[PDB]
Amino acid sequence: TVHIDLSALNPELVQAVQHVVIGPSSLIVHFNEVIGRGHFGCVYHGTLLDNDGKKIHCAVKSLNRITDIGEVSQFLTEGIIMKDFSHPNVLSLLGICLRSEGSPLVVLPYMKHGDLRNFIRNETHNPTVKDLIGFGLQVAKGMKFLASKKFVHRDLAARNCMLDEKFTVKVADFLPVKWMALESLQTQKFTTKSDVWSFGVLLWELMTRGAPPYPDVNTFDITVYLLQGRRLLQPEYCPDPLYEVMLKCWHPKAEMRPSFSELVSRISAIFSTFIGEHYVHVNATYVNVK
């Protein structure tokens, strides 16, 4: 029972929130266990009673409160944006259950290992070149899926990719100038080819085990830096063929950049050549760098 006129939302718009709803008669939320509140909502640990037995772990997403109906359609329209995202490498929506008491919730599958960036930066973890390339391969597969749905991410980065118990990457979304294409920096226009550029930066984050891109650069003022004729350097443990792909992702002519289908293809080949014997270590010069 909220004190806001919600049905004044977008009928012939957000009516699909029903054929996706999952009655509270099966979802248990743990408001005491907070996994993390990014900035525009609190995320807790949750459980789902699948049908009449199967219980499953998950991450419940909720918002502040009354800042009007506008932001309620924003949190909903979005969660519904994931509804059609049926791909193993894309973070999906379990459903949306409604109490309407002052904060609707979106149910996501729990990601045991959190985000790809914190996971790889972890010194207790021991990824090989193969594992890191594999994570990158999984990201390209999800992006290949998203591009096919004509969905432009606009914010692809290791911090936005989630990792689950089976080590399956789920591309997700929790101005990032350092991941932006030259043409986007200049004309604020985002495209799939601009995601490919961000994917090239993401591969660099992976091979550097989460070092921040261009530490030394003004940020913004990245445009002037790139225009001087610069790109991120090849990480120590990055295979040449992979750096070559990174260089392609950062092509000056967007249309000249490989598609995500080509990226999956190219990267699956590179990945196939490694056996898991080359361990990737952290770079002394990147450590502690923000």
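Position 1 is the first residue in the sequence shown; the rest follow in order.
Where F174 is followed by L175 in the displayed chain, the model omits 10 or more of the deposited residues that sit between the two. Set 270 to 278 against 16 to 24 and average the Cα temperature factors; 16 to 24 ends up higher. Looking at mean Cα B-factors across 242 to 250 and 45 to 53, the upper value is held by 45 to 53. Taking the deposited Cα B-factors for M256, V264, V34, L233, the highest one is held by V34. The entry lists C-alpha B-factors for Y225, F40, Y237, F260, and the highest of these is at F40.
Remark: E101 belongs to the highest third of its chain, ranked by C-alpha B-factor as recorded. The PDB entry assigns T219 a C-alpha temperature factor belonging to the highest third of its chain's modelled residues.
Per-chain ranking of the deposited C-alpha B factor places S194 in the lowest third.
Remark: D164 belongs to the middle third of its chain, ranked by C-alpha B-factor as recorded. The deposited CA B-factor of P127 belongs to the middle third of values across its chain.
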